[PDB]
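Worksheet: one structure, shown below.
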Amino acid sequence: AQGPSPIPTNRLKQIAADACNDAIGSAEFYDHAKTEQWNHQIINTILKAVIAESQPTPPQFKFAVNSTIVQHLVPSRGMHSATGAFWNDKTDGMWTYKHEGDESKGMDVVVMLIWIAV
Amino acid sequence: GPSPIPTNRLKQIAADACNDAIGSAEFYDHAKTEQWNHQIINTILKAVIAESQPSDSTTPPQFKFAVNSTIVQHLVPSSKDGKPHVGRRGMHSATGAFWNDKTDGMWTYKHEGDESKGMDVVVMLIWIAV
Amino acid sequence: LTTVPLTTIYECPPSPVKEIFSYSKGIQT
């Protein structure tokens with residue numbers, strides 16, 4: 001079980017979709033030499049936005065953001081990710097998001113947010 | 001900062017969980033990956049919780065823990081020998097945090113398959129104090 | 001109290017698959 005998200009999930013989905021397209025919206029394909037700056041950008045954007053939009057007073061959450069850029073398989077599945085936790089089921093939680101590329105894009109993004117109260 | 005558990009112990013906890021889950025798989029099977037990851041996550045959580053726990057039981061849980069596990073299939077040749085070689089898709093995983101820098105932390109493990117195995121496992125562990 | 005620290009990694013550059021080829025019988029003459 002999980003605690004209520006400190007930011008509505010629909011807001012999160014758009015903080016996340018926006019951070020992703022900002023970083024990789026103009027990319028033509030997967031380029032491994034750029035993935036580190038791409039993730040650097042994606043994580044910082046999401047983190048800044050959730051810190052900002054979660055607090056009115058002191059900060060009351062710890063946040064962790066994980067981002068994974070994954071190259072598509074060559075066209076004519078192959079990876080599964082999951083998270084378990086031992087936290088406070090009434091205050092703490094996680095949210096995940098897949099930015100799914102089409103065939104021309106050649107890459108997906110997988111984002112996870114974890115929040116820990118106080 | 002420093003982990004509640006020595007990284008050398010973490011490493012054999014993580015390696016044991018991975019072989020406990022996929023040690024006898026002949027091949028990657030997308031139908032079983034959920035069970036496999038469940039299993040790996042479960043095993044690592046129980047074990048890091050145990051080895052965290054002070055002998056003085058009058059002490060309440062000192063850490064929160066999250067375990068993320070990923071299983072990735074190797075690239076499959078077009079036909080479905082020379083020297084063994086593993087094809088892999090590209091990927092990059094990073095993590096940022098808004099944390100207590102001195103108490104909270106992360107640790108990662110990779111379980112690289114050989115060519116015959118056909119898949120890799122990556123594990124991230126997060127600990128949040130208090 | 002709580003701050004924004006440096007970022008960390010897991011990383012894998014793309015690597016080509018080992019293709020398996022089809023061979024003829026081979027002719028000795």
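Note: ideal-geometry Cβ built from the backbone for every residue, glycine included; neighbour counts use all protein chains shown. None of the figures in this text is laboratory data; all of them are computed from the coordinates on show.
Would you calculate a helix-derived [θ] at 222 nm for the protein assembly as shown, using -39,500 (n - 2.57) for each DSSP H run of n ≥ 4 and dividing by the full residue count, to the nearest 500?
-8500 deg cm²/dmol
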Between their Cα atoms, which of A:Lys98/B:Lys117; A:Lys62/A:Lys90; A:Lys34/A:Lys105; A:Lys105/B:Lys117; A:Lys13/A:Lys48 are more than 19 Å away from each other? A:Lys98/B:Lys117; A:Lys105/B:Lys117
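For every other residue with a beta carbon closer than 14 angstrom to the beta carbon of A:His40, add +1 if it is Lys or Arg and -1 if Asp or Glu, then tell me the sum.
The answer is -1.
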List every residue whose amide H lies under 5 Å from the amide H of A:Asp31, counting only residues 5 or more places away in sequence or on a different chain, with H placed 1.01 Å from N in the peptide plane. none
Quick query: amide H of B:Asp104 versus all other amide H atoms, modeled in the peptide plane; which residues come in under 5 Å with a sequence gap of 5 or more or a different chain? B:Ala129
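Rounded to two decimals, what is the ratio between the C-alpha radius of gyration of chain B and 2.2 N^0.38 Å?
Scaled against compact globular proteins, the figure is 1.22.
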Would you calculate the volume per residue, in Å³, of the smallest convex hull containing every Cα atom of the protein assembly as shown? 161 Å³
Neighbouring Cβ atoms within 10 Å as the yardstick, rank C:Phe21, A:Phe63 fewest first. C:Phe21, A:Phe63
Among A:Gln14, A:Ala85, A:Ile42, which residue has its Cα positioned farthest towards the positive end of the charge dipole of chain A, with +1 placed on the Cβ of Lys and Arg, -1 on the Cβ of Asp and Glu, and the dipole taken about the Cα centre? A:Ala85
Amide H neighbours of C:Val17 at under 5 Å, excluding residues fewer than 5 places away on the same chain, with H built from the backbone geometry, are none
For chain A, size of Cβ-based charge dipole, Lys and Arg +1, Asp and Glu -1, in debye: 360 debye
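How high is the FRET efficiency between B:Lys11 and B:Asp81 when r is their beta carbon distance and R₀ equals 30 Å, given to the nearest 0.05?
The value I calculate is 0.40.
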Part-to-part distance (alpha-carbon centres) for region B:84-99 and region A:1-67, which is given in Å: 17 Å
